[PDB]
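Just so it is clear: chains get the letters A, B, ... in the order the sequence lines come, proteins before strands, and each one is counted from 1. Atoms considered below: every heavy atom in the structure, side chains included; atoms not considered: hydrogens, waters and symmetry mates.
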Amino acid sequence: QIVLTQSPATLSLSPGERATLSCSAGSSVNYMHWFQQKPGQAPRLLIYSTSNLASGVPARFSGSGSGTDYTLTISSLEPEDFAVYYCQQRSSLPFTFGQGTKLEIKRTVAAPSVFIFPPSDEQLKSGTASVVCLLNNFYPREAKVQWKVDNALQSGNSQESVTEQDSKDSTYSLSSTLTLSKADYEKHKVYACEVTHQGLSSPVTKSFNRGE
Amino acid sequence: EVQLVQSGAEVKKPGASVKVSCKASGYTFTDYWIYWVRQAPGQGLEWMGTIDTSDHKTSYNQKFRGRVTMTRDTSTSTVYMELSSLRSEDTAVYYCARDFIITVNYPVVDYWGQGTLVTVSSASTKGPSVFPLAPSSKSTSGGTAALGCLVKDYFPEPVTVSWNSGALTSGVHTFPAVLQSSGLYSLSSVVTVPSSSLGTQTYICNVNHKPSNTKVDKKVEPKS
């Protein structure tokens, strides 16, 4: 029931730079542990009791702090250091974790490549229509995808999925899927996805007319 | 070599129980407590409790309200975590970990199991439908186009997707599955190709959903 608040939520840095990660406890604790986690892997202990390095952890990792305020510092970042980091207290039961800081790779701004896909005739036969808007290989992660159907803004009937940051070009890719019944789909003409992103001087709109 | 090896993925209905094993080897089993942590998809870490492997003492996170029971078998060097009266929000990867004592003469050596996925759902096993994400017929002498396949309405995870039997890999993005309101999963896999050869190059997405023994190869090409 001790709440651990980590900051920042996301930290964007290049290899060779120095990362500073913060963990604030809601009430005082005697020490803080730190764990690293990469996608698809178990957490791994890095620092225990505030400043001690677990076996095999390289010296560029160091921890400090006292009371309610703790810090993990990672100097001269290596590509293998980009990951999610969690602090954990074990001074009061139940043991609790912070919500995590994502340390991601900063790179130059990369505009998305945007595509729209109408539903297939095969799917339509089954009674549903999925419309997909694809944003390929963009940086930074922040991106707005807005669906319009005959100029009506769509809300609540789309789902987004995003890849992990690419290990080779450090970009993200995103899919947004708008799902309609066939009945609703055949009642409208213009299907449009509008994408807002830092790499786009103005938003990019991809659209199609049903049955054209 | 120290190893913590967990049992395989589980799929359960709400109200059932699950019992996950954590098999330890390569060190003195009774010298370390074992603890458990879970992680719901896309979420953070939650501590569940810990067990003393020597005398069976335990402590749990009281948020689980007596639904978690940890046990141990010294004859087999195995710790078990049972979670009862399952609910859909218990869907998570469950990890066992070897505990550590911070006052030791040497650096802590940290060890974790590989994790066990537990899916809690009333849904039944179902193979996916595979639909084309067709590229625009619009072509240019040196431009590119995206195409893909939509792998829709399957349960449980996972599905695998490759392109051209694994020959096409660069620029493929296979997105994380989303759980739909229906309780079924959906995902897309896409690839970027030259627009000039869309009529003569074949692009096939190879979909495999082992839980339903469903294998589908889908050709994707411009419409009309």
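- Note: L133(B) CG to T177(A) OG1 = 8.0 Å, rounded to the nearest 0.5 Å.
- A heavy-atom distance below 4.5 Å is found between the side chains of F97(A) and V37(B).
- For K126(B), the NZ atom is densely surrounded, since the number of other residues' heavy atoms within 6.0 Å is greater than 12.
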Practice prompt. Might you work through the side chain to side chain contact (heavy atoms under 4.5 Å, CB included) test for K152(B) and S130(A), ending with a clear yes or no?
Written response: CA-CA 10 Å; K152(B) 189 164 190 297; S130(A) 297; 3.6 Å; yes

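- For the pair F175(B) and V162(A), the minimum side-chain heavy-atom distance is 4.5 Å or more.
- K223(B) NZ: more than 12 foreign heavy atoms inside a 6.0 Å radius.
- Using a 4.5 Å cut-off on side-chain heavy atoms (C-beta onward), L93(A) and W47(B) make contact.
- The shortest distance between side-chain heavy atoms of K63(B) and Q1(A) does not fall below 4.5 Å.
- With a 4.5 angstrom heavy-atom cutoff, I116(A) does not touch chain B via any of its atoms.
- Interface summary for chain A: among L150(B), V93(B), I102(B), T174(B), the most heavy-atom pairs under 4.5 angstrom belong to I102(B).
- Nearest heavy-atom pair, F117(A) versus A134(B), reported as atom, atom and distance to 0.1 Å: CD2-O, 3.2 Å.
- Contacts of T192(B) with chain A are made by side-chain atoms alone, with heavy-atom separations under 4.5 Å and no backbone atom involved.
- Contacts of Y35(B) with chain A are made by side-chain atoms alone, with heavy-atom separations under 4.5 Å and no backbone atom involved.
- Figure legend: cation-pi geometry between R90(A) and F100(B), with NZ or CZ positioned under 6.0 Å from the six-membered ring centre and within 45° of its axis.
- Rounding to the nearest 0.5 Å places CG of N61(B) at 9.0 Å from OG1 of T96(A).
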Worksheet item: Stepwise, does the side chain to side chain contact (heavy atoms under 4.5 Å, CB included) test hold for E46(B) with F95(A)?
Response: CA-CA 9 Å; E46(B) 194 174 12; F95(A) 302 158; over 6 Å; no

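- The contact between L179(B) and chain A is made entirely by backbone atoms, counting heavy-atom distances below 4.5 Å.
- Between the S55(A) side chain and the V108(B) main chain, no donor and acceptor come within less than 3.5 Å of each other.
- Listed by sequence position, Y31(A), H33(A), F35(A), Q37(A), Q41(A), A42(A), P43(A), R44(A), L45(A), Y48(A), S49(A) are the residues of residues 28-52 of chain A in contact with chain B, using a 4.5 angstrom heavy-atom cutoff.
- Listed by sequence position, the residues of residues 58-75 of chain A in contact with chain B number zero, using a 4.5 angstrom heavy-atom cutoff.
- Across every non-hydrogen atom of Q39(B) and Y86(A), the tightest pair is NE2-OH, 3.3 Å.
- Neither the backbone nor the side chain of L187(B) comes within less than 4.5 Å of any heavy atom in chain A.
- Interface residues of residues 203-212 of chain A toward chain B, defined by a heavy-atom distance below 4.5 Å: none.
- Of residues 133-146 of chain A, those residues lying under 4.5 Å from chain B by any heavy-atom pair are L134(A), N136(A), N137(A).
- Note on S175(A), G100(A), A54(A): by heavy-atom pairs under 4.5 Å with chain B, the leading option is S175(A).
- Rounding to the nearest 0.5 Å gives a distance of 4.5 Å between CD of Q123(A) and CZ of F131(B).
- Proximity to chain B is absent for every atom of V57(A), based on heavy atoms less than 4.5 angstrom apart.
- Only the side chain of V190(B) comes within contact range of chain A, with heavy atoms under 4.5 Å apart.
- No other option in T50(B), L45(B), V109(B) has as many heavy-atom pairs under 4.5 Å with chain A as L45(B).
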